[PDB]
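What follows is a short report on a single structure.
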Amino acid sequence: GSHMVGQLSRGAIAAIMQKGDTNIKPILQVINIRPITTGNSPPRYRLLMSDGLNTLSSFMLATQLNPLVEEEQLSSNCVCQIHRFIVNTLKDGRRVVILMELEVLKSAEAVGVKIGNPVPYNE
Ligand SMILES: O=C(O)c1ccc(-c2ccc(F)c(Cl)c2)o1
Ligand SMILES: O=C(O)c1ccc(-c2ccc(F)c(Cl)c2)o1
């Protein structure tokens, strides 16, 4: 699959954070996933995602999507299409992007590397 960066929705991260563009269904790569410290509740997963241009670590999976991480694909390097998300703003001004529906387009094993050379998005 030549031109790998062409597989990702370059600019979607900026669109999500500067426009609050929500009527997009961007294709992103998972760079990393880690659990967040939660007390008793179901675990919550934070994701570092890439659009080919930028990475952003403010993504959180909706708890209903937990089985994707625990049982199925969802792991570093996979390529996913985000079908539903919402942005939430914390009292301190930071924004978190909650992933509500997503589809794994390519498994981690089928991609195998971080696509392109994305740099961290600022703010
Ligand atoms: O253990 C962690 O990784 C963790 C705990 C809490 C947060 C967090 C809180 C507010 C935010 F906006 C973002 Cl991006 C992250 O990350
Ligand atoms: O369905 C869910 O699991 C859900 C809906 C909204 C949130 C949420 C809202 C603010 C946050 F900071 C974090 Cl981490 C999550 O999680």
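One-based numbering, in listed order, for ligands and for the atoms of each. Counting begins at 1 with the first residue of the sequence. What's counted below: heavy atoms across the whole structure, side chains too, no hydrogens, waters or symmetry copies.
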Counting only N and O atoms by type, is there a donor-acceptor contact under 3.5 Å from the side chain of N66 to the main-chain atoms of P43?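 At least one qualifying donor-acceptor pair exists.
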Between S9 and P26, which heavy-atom pair has the shortest distance, and what is it? OG-CA, 3.5 Å
Atom pairs and distances, ligand 2 N/O vs protein N/O under 3.5 Å:
unit_1: ligand 2; atom_1: 3 (O); unit_2: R44; atom_2: NH1; d: 3.2
unit_1: ligand 2; atom_1: 3 (O); unit_2: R44; atom_2: NH2; d: 2.8
unit_1: ligand 2; atom_1: 3 (O); unit_2: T63; atom_2: N; d: 3.0
unit_1: ligand 2; atom_1: 16 (O); unit_2: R44; atom_2: NH1; d: 3.2
unit_1: ligand 2; atom_1: 16 (O); unit_2: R44; atom_2: NH2; d: 2.9

Distance only, no hydrogens: is a donor on one side chain within 3.5 Å (strictly under) of an acceptor on the other, for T38 and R44?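 Side-chain D/A pair, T38 to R44: absent.
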Are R46 and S57 linked by a side-chain donor-acceptor pair shorter than 3.5 Å?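 Side chains of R46 and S57: pair found under 3.5 Å.
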Do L61 and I33 pass the side-chain contact (heavy atoms from CB on, under 4.5 Å) test, and can you show the C-alpha distance, the side-chain angles, and the key distance before you say yes or no? CA-CA 10 Å; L61 279 188; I33 300 173; over 6 Å; no
When hydrophobic residues are tied together by side-chain contacts of less than 4.5 Å, even through go-betweens, does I31 share a cluster with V96? no
